[PDB]
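1. Need a 3D model of the sequence below.
(chains A, B and C, ligands or ions: 6)
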Amino acid sequence: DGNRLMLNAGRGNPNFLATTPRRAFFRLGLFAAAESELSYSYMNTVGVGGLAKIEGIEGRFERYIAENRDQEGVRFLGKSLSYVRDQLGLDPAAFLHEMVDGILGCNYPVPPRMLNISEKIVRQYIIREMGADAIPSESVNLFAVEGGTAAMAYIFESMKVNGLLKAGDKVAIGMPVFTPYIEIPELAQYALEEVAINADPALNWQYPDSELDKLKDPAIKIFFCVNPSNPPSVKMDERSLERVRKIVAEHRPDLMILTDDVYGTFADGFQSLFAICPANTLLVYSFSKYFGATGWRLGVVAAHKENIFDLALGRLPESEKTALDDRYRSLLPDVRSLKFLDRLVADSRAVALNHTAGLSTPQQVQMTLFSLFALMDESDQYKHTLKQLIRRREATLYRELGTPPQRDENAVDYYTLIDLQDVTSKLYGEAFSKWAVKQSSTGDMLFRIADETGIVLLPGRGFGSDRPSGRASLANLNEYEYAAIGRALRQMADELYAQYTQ
Amino acid sequence: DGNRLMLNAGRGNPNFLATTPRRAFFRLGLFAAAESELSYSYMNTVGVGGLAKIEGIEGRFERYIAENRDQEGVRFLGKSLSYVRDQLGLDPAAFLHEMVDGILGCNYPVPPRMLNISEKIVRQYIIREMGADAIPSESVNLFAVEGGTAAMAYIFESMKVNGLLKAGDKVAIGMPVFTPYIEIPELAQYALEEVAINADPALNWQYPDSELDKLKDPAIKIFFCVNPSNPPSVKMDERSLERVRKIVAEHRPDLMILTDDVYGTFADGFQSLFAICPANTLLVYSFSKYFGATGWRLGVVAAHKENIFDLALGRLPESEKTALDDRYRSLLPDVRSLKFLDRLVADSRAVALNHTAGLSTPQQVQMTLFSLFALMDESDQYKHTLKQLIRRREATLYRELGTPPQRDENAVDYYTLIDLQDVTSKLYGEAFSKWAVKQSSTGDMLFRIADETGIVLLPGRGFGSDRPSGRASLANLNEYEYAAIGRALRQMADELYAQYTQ
Amino acid sequence: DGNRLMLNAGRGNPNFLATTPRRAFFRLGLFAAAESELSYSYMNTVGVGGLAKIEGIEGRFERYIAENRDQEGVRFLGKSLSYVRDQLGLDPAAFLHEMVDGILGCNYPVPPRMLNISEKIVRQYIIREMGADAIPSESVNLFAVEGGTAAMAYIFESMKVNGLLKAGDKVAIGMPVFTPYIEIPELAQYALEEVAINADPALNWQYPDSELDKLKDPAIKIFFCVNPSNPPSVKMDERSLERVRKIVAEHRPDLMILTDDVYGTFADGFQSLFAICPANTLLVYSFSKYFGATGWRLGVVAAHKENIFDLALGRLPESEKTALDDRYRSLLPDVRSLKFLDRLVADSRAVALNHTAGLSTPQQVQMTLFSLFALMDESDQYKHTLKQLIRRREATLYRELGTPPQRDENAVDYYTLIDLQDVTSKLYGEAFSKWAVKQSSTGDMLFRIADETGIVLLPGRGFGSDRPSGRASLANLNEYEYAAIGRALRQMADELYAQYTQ
Ligand SMILES: *Cc1c(COP(=O)(O)O)cnc(C)c1O
Ligand SMILES: *Cc1c(COP(=O)(O)O)cnc(C)c1O
Ligand SMILES: *Cc1c(COP(=O)(O)O)cnc(C)c1O
Ligand SMILES: [Cl-]
Ligand SMILES: [Cl-]
Ligand SMILES: [Cl-]
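-> Numbering: from 1, shown residues only, chains lettered A, B, ... in the order given. Ligands and ions are numbered 1, 2, ... in the order given. Below you will find the coordinate block:
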């Protein structure tokens, strides 16, 4: 399943996971279960509870924390309350009841877009990790969704439905990008045309100015990028972000930006395009990778309250405004005041079902607890732990290839590129590396590792020339498995060197 | 929020919830958390775990159950294992690891449609509650989705995409139905035409043969019904099910049926249209109402392995088959073998994202635990408890209107119709009831209750004549609130009688 | 072993068992162990105790119950004391010491026939479950034996020894009966002649009046029947019991009746022939099936204090009375006052060993605890639980054969008859069922299930015509195993229908 996921979906699945916010969730659940039972009125039954009451919830919660000081999840829950009440200044009783009611999953999400306090908490996390601090928190709204996967499906459908993207429109795509994102515009369902914004291996996988300038073409309605990138696993540098900023400000104030920033926390000092061009950007952030929460399906779509999506909607042709008046008629009297972010919500479940739309309340609670976990960790201990783990696995991989590729300030390294030439160069000089590349390819490299270790790697391209290389995730295997990849690739190189000399 | 949900979405939200399977979930979570920590290799860190190991899981689980015999959730978990292993004959280690891995939400759902053992467990529950026992379990497949809400959105979109429903096609809709289901075909996005299959108040809200025969019109491609009904809250009787069966067998073997059977468990001896016409029916079942789990967003789409949806797909015009070959190309070599149920899955997240599609693994685990809860309860104690609760609230409501409407074998009563004429008839004779109806309407009835009690009711129509009536849910309020509705409606009747006499 | 038991012994072995009276037994054992240690006088030894003292036993027992309120077995023991003392009016100290001394197995059973208080307790259970309430409790005596198996061996041997049954005497046997009971009279050791009292499939396996009238033949000395029957699994109806009653009263006051009523508790409102003709009947009751206690070997022989066995003994020819005077000489001065029930006891172990004869004291204690368990359960919860379990397994079996045979008021259903004709009739009409029977037999039916499922069934006959049928026990398998039998038998029927049509 780990090997099959990389081939099919270009992921990625970590073998680590955040335990403390998970324990806090299950412990909160036991508290909420007791809260439900406090509202059950009848004798001689079993298995039926009532709704949790907001009245006196703080005092009951405080007792629960005091009696269970020995439980890690409970201590976390205790500090979470302080963080929300004391640092965020939010209503403590309202926070607790939203969490209790939320984890019970006994009420339809209200509002459907996101639960009130969860939105306020999660956006603090999002703003911080995206480097978007210069934007007032109150100007950022979130739509809680079933991972980045759901976000992308919802966004393209709403773009189509609301006439923001039309058949024949050009979508610029920062490349190399993983397979799934190439196909969605290529669907006849959308019939969009791709323009490649190509990263340069000579610039260490940054986008050249010349490539970024392609965005000046007014036929290009949207810039779509994974940042930090996947496969290449680098973050857009200061120059690149500035270039986009100037292009938007100077030439294309109408350019929509769709940015997928799931790997952000794995970079040093990450800054999102959302931070740089908030009015022009829809941010997709997934909790999957950082918290080891792929199965939880936790994501948000973020939008600035003043954005070009709502501006474009006000500039639509009359026939389209009339069609949308009909579409959203049941939702509100004035459809023209219905914002794009809330249209995403309505479009996600056929409009008529808007009031039972949204991410499940226990999922939002869990998302909120992951968010708190990271926010309360001021010295970034969890982040550093994961980074040290990733570096250890890297050292182990390149042990006999030695050693790892040199990493700059823009490095992410969730993924690593094992380049045959660079490896054979490090081992046996420049002359040998030129020859070794002409002998074997990516196929012979990936098939050998697979046969020796049972691990299949991603080809390392490209698009390029088929420079013989493979990509491994530093997130999904254990040390001896990275050591076995290195050993198999070292024997392959050693046998090439014995076929070099003689 | 309770009053606002009935007006907007025609629900419904229960104030009861199943506690035991929820406690089992949170307890399983604590076990899984410990399982994750067993795979963590490093010192001097906190909050990071590894992946749960299948090896020796039974023995560890058995210890967990033995040490926590005093915990209700744990005892349930213990019996669940026996039920799965002993009664269902499934692999106990594989069940446990699916549940442990599932609740950790650390792996993408695999397969995306449903987790393997969860599917087998949940379909046992579905088949039993739908009265579909005559169908072999192995011939029923499920797609786990975000409630009935997601199911409906997914189904219509896939119908459109795969050319099973086309603009101008007629959709027959069993009525009265709640608002949301009237609007989805009416969307320009689908441009479908509605044909009303009208329930008869004289038949106690059953569909007359003459109304059911409307399905013979070959322009009608789908029969769409909520069964048991909402608002009317009755199940289709033996005659009605037989009529549809003959119509499908005799005249319309091509008729698709879409049935929403969320209220099934609240009827006595429920039998689904899925049981009667499995080859022709897509079953939508929601866990929301029965388990008090609206916020969990838990539903399945059920299909027979041999169905008319796949048959129609094989009979599509060549241009459509060519378009679908392109659409699903990345999924499998032979797109023509891709079944409609799996197309729902692929269509739910844009095709290219099929391998990260599906309901979150902790949601499927919770769904599995609700399913087990009901399956293991042989004497149906929970079902009876809820029914007694509903009846008590009914008795309390009609206490001063006295007494409740007579209920037949097809009665559900999650909702109750408070008919002014019938109430005033029971109180002051037939002559007075005829006059009292001409004086006040549904509006004056609903506005009075709202002003006196703060509870807003649904109008009781119709479509009919505006016979002055209101609908209350027996699931969402407490006893004194039902008593206050009765009292307000009794004083209204008493003041009408003092304006009658004089 | 489960499959091998049905073929060899015509059983039957349940996969359920009564746990509470078993836990009570083991808990009582720990109390008794401590009682023994209270009588041990010496230092510096281990593993040796003394005899439990009756003095102060109530107070010590009451402390034991109070300290162990959390133990299910102990709570049962506590309520047992109340039942014996308060409802039965028996000596509480004497009850406790009999139980304590009994479970220690440190004294020879005294008296050998049954322990005093155990007899009083167990007969209350027997009288109730046999519907024999009209008989005063004090007029019923029991001989505790090693299951019904030992009872039958003991009874025939004593019948022979005491000249109540002689070579060439006719034994009437209610049939169909299971194999073991056909062979015991056929032994040259007894040389008895069988007369078949045949049950009628047209009467749903009741004995016709014409068949019951066969008992008028004065050459028939004993009527031997399993009631409720095995294999057929029905109880004798009101008419049948009345017929025997009149035959005994009117024509055959000398007719001995031997009735085996092990399945009694699985019928609704069971009434034994012992209840109807107590003076003429020896009742054999086994605890094996109802309590899931086959390995415990627990049975009683019941006799009325005024019976025709003792009457016949007084009418024996002088040469036989002289021989029996010699045989029983050591037992009592007046052998002619030695009752048949006590002769069973003496005959069971060669007469000279009468005073070390009888069922082991821990077995009698366990029997007493099973008896209490059922007596104290006023709402018959355990009985209903087992019946619901049996019905669930039946529903699961006939799921695809659908559905189960219609059951009347005389139904027991521990066993179920799977009739090919009736099954194929229910599925494909009367015409097909006539043909399907001519194609395959019982052999082809039983061998197919065995090969597909690994379960071997009993042939369903007869004696009859070999109507193609099989018998399954609803007591010995789990749900998926019944489901696999149904599925194998459905595919067999479906392939017959494809060989019917074409
Ligand atoms: C892993 C990954 C995601 C996260 O997907 P979810 O559906 O949120 O789990 C998003 N984008 C990219 C490019 C990824 O590699
Ligand atoms: C409540 C209800 C449902 C359940 O909705 P979910 O989205 O599954 O919570 C489905 N159909 C009808 C008609 C209802 O009233
Ligand atoms: C099972 C059974 C018994 C019980 O036998 P024990 O020796 O008491 O276990 C007695 N009679 C019949 C006909 C049976 O099937
Ligand atoms: Cl914890
Ligand atoms: Cl618990
Ligand atoms: Cl115990």
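2. Over to the residue in the stretch 201-350 of chain A that ligand 5 sits nearest to: give its phi and psi.
-> For the stretch 201-350 of chain A, the residue closest to ligand 5 is residue A:296, as judged by CB to the ion, at 22.3 Å. Using the backbone N, CA and C atoms, a C-beta is placed for each residue, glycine as well. With angles defined as degrees, to the nearest 10, residue A:296 sits at phi -80, psi -30.
3. and it, what does it touch?
-> Residues in contact with residue A:296, defined by CB atoms under 8 Å, 6 or more residues apart in numbering or on different chains, are A:287, A:288, A:363, A:366, A:367, B:105, B:360, B:361, B:362.
4. Give the ChimeraX command for selecting the buried subset of those.
-> Isolation of the buried members of the contacts of residue A:296 (16 or more other CB atoms under 10 Å in any protein chain shown) is achieved in ChimeraX through the command below:
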select /A:287,288,363,366,367 /B:105,360,361,362
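5. For whichever residue of the stretch 301-450 of chain A sits closest to ligand 2, give me its contacts.
-> Closest contact between the stretch 301-450 of chain A and ligand 2, by CB to the nearest ligand atom, is at residue A:356 (4.7 Å). With contact taken as CB under 8 Å, 6+ apart, residue A:356 is in contact with A:108, A:112, A:349, B:9, B:11, B:147, B:149, B:180, B:294.
6. mind redoing it with 6 Å?
-> When the contact criterion is CB atoms under 6 Å, 6 or more residues apart in numbering or on different chains, the partners of residue A:356 are A:108, B:9, B:149.
7. ditto for residue A:347
-> Residues counted as contacts of residue A:347 (CB under 6 Å, 6+ apart) are A:157, A:158, A:161.
8. switch the cut-off to 10 Å
-> Residues in contact with residue A:347 (CB atoms under 10 Å, 6 or more residues apart in numbering or on different chains) are A:154-155, A:157-162, A:327-328, A:340, A:354, A:357, B:153, B:189.
9. Please enumerate the strands of chain A.
-> With DSSP state E as the definition, chain A shows strands at residue ranges A:17-18, A:48-49, A:140-145, A:170-175, A:193-198, A:220-226, A:256-260, A:281-286, A:299-304, A:415-419, A:458-459, A:469-473.
10. Quickly run through the sheet partners of the last one, with directions.
-> So that's strand A:469-473. Sheet neighbours of strand A:469-473, with direction, are listed as strand A:415-419 (antiparallel), strand A:458-459 (antiparallel) (DSSP bridges).
11. same check, this time on the fourth one
-> If you go by DSSP bridges, strand A:170-175 pairs up with strand A:193-198 (parallel), strand A:220-226 (parallel).
12. most tightly surrounded among those strands?
-> Each of the strands paired with strand A:170-175 was scored by mean neighbour count; the highest is strand A:220-226, a mean of 23, by mean count of other CB atoms under 10 Å in any protein chain shown.
13. Tell me which of the strands of chain A lies nearest to residue B:15.
-> Of all the strands of chain A, the one in closest proximity to residue B:15, counting by CB to CB, is strand A:48-49 (9.8 Å).
14. Does chain B have contacts with that closest one?
-> Yes: under the criterion of CB under 10 Å from any CB of the partner chain, strand A:48-49 makes contact with chain B via A:48, A:49.
15. Contact residues of the stretch 51-200 of chain A facing chain C?
-> Counting by CB under 10 Å from any CB, no residue of the stretch 51-200 of chain A is near chain C.
16. Where do the helices of the stretch 51-200 of chain A begin and end?
-> Along the stretch 51-200 of chain A, the stretches classed as helices by DSSP state H, counting those that start in this stretch are A:57-67, A:72-82, A:92-104, A:116-129, A:147-161, A:180-186.
17. For ligand 3, what is the nearest residue in the stretch 301-450 of chain A?
-> Distance from ligand 3 to each residue of the stretch 301-450 of chain A (CB to the nearest ligand atom) is smallest for residue A:362, at 51.4 Å.
18. I'm done for today, thanks for sticking with me.
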